[PDB]
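Consider the single chain below, provided in structure tokens and representing the form deposited in one PDB entry.
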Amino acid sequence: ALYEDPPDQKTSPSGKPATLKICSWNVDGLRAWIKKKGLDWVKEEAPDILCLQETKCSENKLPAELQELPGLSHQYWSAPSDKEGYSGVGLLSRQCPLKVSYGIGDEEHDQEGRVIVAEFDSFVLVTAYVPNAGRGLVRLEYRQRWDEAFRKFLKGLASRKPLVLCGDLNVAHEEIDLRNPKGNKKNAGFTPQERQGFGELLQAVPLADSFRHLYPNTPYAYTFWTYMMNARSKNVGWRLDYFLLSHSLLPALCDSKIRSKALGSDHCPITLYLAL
């Protein structure tokens, strides 16, 4: 019932050394996260680009520590206009992007600050916080609508450059991605409608589940554990955080990580190495 994240593999399949280290983490709140010393572990990872989801904090109410991160001086936030402590995503980068835009260009789905998109010389990075279908699946329909707006949106960006999607995509693709498949098929995150919406995304915007791509058979690898009953302690989790990317980027895929032990949230960070 235990999992050990293999060592960082920092070379491409052609022996090309990694040049980019992208780190994605669902902070469950910037302030609750800072307090748990998550901004600590980040300094150690020293990524090139750091995507954060569920910042629970507008861009104007940013903590002083953040702007004062060591290398990530090109920050970009996206929070719900008249809300707080709800959703929110950020994309800090050591290098300044070519262009940055927010949302997926579809009025109904750009109301909750969930997507940030940054274009870089060789590719376009897109961080996201897919909307949870909530308890009682009361937002399942909206989710099914979002899934499509996003899938379609992604395919367009894809037709311009190779694509990379870092983020909490609220869904455990296969039974191996969650500790309790047999009993969550009716709960947000593992419903047919969602699971088979993730698959159809990988299949339509030529996208690969970087982790499962490299580690087709590793189980118990999760990125989320409910604070309820120390689920993390017993490793009863869900792999909801991903790094999906264009098939034309596999040649540059070095490794895709799952920082199982970094604390600071109810999600463990996940890192990605690419040789560009």
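Superpose the two forms; the largest set of C-alphas matching within 1.5 Å is the rigid core. In case it trips you up, residue 1 is the first one in the sequence shown, and so on.
- Coverage remark for residue 82: absent from the model in at least one third of the other entries compared whose chains are built on both sides.
- Between the stretches 66-74 and 215-223, it is 66-74 that shows the larger average CA temperature factor.
- When the CA B factors of the chain's modelled residues are split into thirds, the value for residue 229 lands in the highest one.
- Among the modelled residues of the chain, residue 16 sits in the highest third by CA temperature factor in this PDB entry.
- Residue 275 sits in the middle third of its chain by CA B factor, as recorded in the PDB entry.
- The entry lists a Cα temperature factor for residue 61 that places it in the highest third of the chain's modelled residues.
- Ranked by Cα temperature factor within the chain, residue 135 sits in the highest third according to the deposited record.
What comes next is about the form deposited in another entry, which is not displayed.
- With the two forms fitted on their core, the C-alpha shifts between the shown form and the other one stay under 2 Å for all of 110, 175, 148, 119 except 110.
- Once both forms are fitted on their core, the CA shift for residue 135 between the shown form and the other one remains under 2 Å.
- Relative to the superposed core, residue 159 undergoes a C-alpha shift of no less than 2 Å between the shown form and the other one.
- Put simply, residue 109 and residue 200 spread apart in that other deposited form: their C-alpha atoms are 3 Å or more farther than in the form shown.
- Annotation for the pair residue 109/residue 247: C-alpha atoms recede from each other in that other deposited form, by 3 Å or more compared with this form.
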